[PDB]
Amino acid sequence: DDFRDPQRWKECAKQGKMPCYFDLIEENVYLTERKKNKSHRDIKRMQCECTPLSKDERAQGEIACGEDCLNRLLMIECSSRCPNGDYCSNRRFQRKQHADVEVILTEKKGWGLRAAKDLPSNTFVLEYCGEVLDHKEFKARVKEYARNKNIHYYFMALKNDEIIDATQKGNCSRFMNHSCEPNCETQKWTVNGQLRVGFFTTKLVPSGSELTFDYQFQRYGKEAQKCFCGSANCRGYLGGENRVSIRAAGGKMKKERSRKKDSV
DNA sequence: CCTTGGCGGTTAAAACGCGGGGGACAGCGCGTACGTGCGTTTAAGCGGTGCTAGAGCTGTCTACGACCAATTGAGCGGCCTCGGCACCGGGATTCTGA
């Protein structure tokens, strides 16, 4: 049903059976990246405190860096300098250990995902990957794109000044829907000094059940949208009722201390 | 000189049982204090240029302490001396508990 092939095919827009109208994407890309960060001055290395054995697996064998590691509890994946080396299990964004996903049609609200097999809680599913914008381009491209009459906006605010677009290029995590009864959620992990957004499960999801995540509600123009799930209390509407501004939607830029002019 | 050791008697003391009240403990609903997040503002550090107070390094020389002889009286001790205080008793007053 997914069938990732590099040849472009005859499916217009819905991307349900032919995924090669747009392009896919690996770990995200940047535009104006400069060397002003906490990367390699104080977060050079954050090594866990573990005294392993690593010579007894498959018999009296505890998995390395489980839920007692200092980094997993604080949402940090280990580096290559781990005392376990190539047996540590924290590095899940680097070894690309994913979950079995599939994209078919469930409801007329749109496309989504349904679980293939059983999946336990606190299990990683997919990484949100896209194109990283910057301060000036967001408020221009959004008003340039609102006049194109599109339904889906693939914008996610990483920080108060960073918004990731998953429209031109997107992985399999772009189809996941919204519901007022969430069973998956989003977490902010720190890998190699850079912040990444991942998807974790919360319960024991049966084989053949929905996998959606809760939106932190937001609206951007004058119109409103509504959800079609209706689990038991569903808030009716994507984005709620309350209106917020262009800057509040994106997070309003950390103003370069120039001038006042930019606020006006 | 006084420490370790010994036998012996007195009775203050520690250990043992019991009743049952004191409080240590798990559990719950609730209110808001402190957090994650985030725009705007203050002023913390840089570096550059400049002045100079005050630390630092040469020279004097006499005020000050160490040392020495002779003198002798102040402080440590031995020995009686005697009264401030504990000990014991009869009694009135405080305080706790049901």
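Scroll up a little and you will see the structure.
Residues numbered from 1 in each chain as written, not as in the entry; some residues may be left out. Chains lettered and ligands numbered in written order. Part of a larger assembly, values for the part shown. Heavy atoms only, no water. Residues with missing side-chain atoms left out of burial classes, pairs and counts.

How do you make sense of the overall build of chain A when you look at a structure like this?
Secondary structure assignment for chain A yields three helices and eight strands. Over its C-alpha atoms, taken along the principal directions, chain A stretches across nearly 60 × 50 × 45 Å. (Helix = DSSP H or I, 4+ residues; strand = E, 2+ residues; numbered from the N terminus.)

For this particular structure, what's the right way to read the nonpolar core?
Most often, soluble globular proteins keep nonpolar side chains buried together rather than apart. Counting 18 residues, the largest nonpolar core has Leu-113, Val-125, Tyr-128 and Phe-199 as the members making the most contacts within it. Within the residue set of this core, elements represented by two or more residues are β3 (124-127) and β8 (194-201). Each residue touching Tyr-128, except ones within four places of it in the same chain, is listed here: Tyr-154, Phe-155, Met-156, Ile-164, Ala-166, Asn-171, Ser-173, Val-197 and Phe-199. Counting residues in each nonpolar core, the second largest holds six residues, with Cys-48, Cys-65, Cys-69 and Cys-78 among its members. (Core = buried A, V, L, I, M, F, W, Y, C linked by side-chain atoms within 4.5 Å. Buried < 20%, exposed > 50% of the residue type's maximum accessible area, 1.4 Å probe, protein only. Contact = heavy atoms within 4.5 Å.)

Sorry if this is basic, but what is going on with the environment of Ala-64 here?
Tracing the backbone through its elements, the reader meets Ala-64 in the segment before β1 (105-107). Considering only alpha carbons, one finds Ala-64 and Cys-88, 24 residues apart in sequence, at a separation of 5.5 Å. Apart from residues no more than four positions distant in its own chain, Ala-64 is found in contact with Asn-84, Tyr-87 and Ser-89.

Can you help me understand the state of the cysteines in this one?
For the coordinates displayed, the defined rule picks out zero disulfides. No disulfide involves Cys-69; its sulfur sits 4.2 Å from that of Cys-65, the nearest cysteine. What makes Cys-69 buried here is its relative accessible area of 1%. Between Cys-82, a free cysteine, and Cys-88, which holds the nearest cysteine sulfur, the sulfur-to-sulfur gap is 4.0 Å. (Disulfide = S-S within 2.5 Å.)

I would appreciate a short explanation of the side chain of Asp-165 in the present structure.
Turning to its location among the elements, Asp-165 is positioned in strand β6 (residues 163-165). Notably, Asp-165 is buried but unbridged: the nearest opposite-charge side chain belongs to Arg-141, and the N-O separation is 6.4 Å. Within polar-contact distance, the side chain of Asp-165 engages the side chain of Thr-167 at 2.9 Å. Contacts of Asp-165, omitting those with residues within four sequence positions, involve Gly-130, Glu-131, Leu-133, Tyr-154 and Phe-155. (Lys, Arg positive; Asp, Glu negative; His and termini not counted. Salt bridge = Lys/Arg side-chain N within 4 Å of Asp/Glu carboxyl O. Polar contact = N/O pair within 3.5 Å; in protein donor to acceptor, adjacent residues only side chain to side chain.)

Help me understand the sheet that holds β6, please; the structure alone is not making it clear to me.
Hydrogen bonding along the main chain pairs the strands of a sheet, whether they run parallel or antiparallel. Ordered in space as β4-β6-β5, the three strands form an open sheet in which the pairing is antiparallel. Strand pairing shows two members of the sheet lacking a second neighbour, β4 (131-132) and β5 (155-157), which therefore form its edges. By the bridge criterion, two bridges tie β4 to β6 in an arrangement that is antiparallel. Across the sheet, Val-132 pairs through a bridge with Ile-164, a residue of β6. (Pairing = 2+ DSSP bridges.)

Would you take a moment to explain the sheet that holds β3 for this structure?
Pairing within the open sheet is antiparallel, and its three strands lie in the order β3-β8-β7. Only two strands of the sheet have a single partner each, and these edge strands are β3 and β7 (184-191). Direction aside, neighbouring strands of the sheet carry axes that sit 35° apart on average. As defined by bridge partners, β7 adjoins β8 across eight bridges and the pair is classed as antiparallel. Across the sheet, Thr-186 pairs through a bridge with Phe-199, a residue of β8. (Axes fitted to C-alpha atoms, helices over the stretch in contact; angles between N-to-C directions.)

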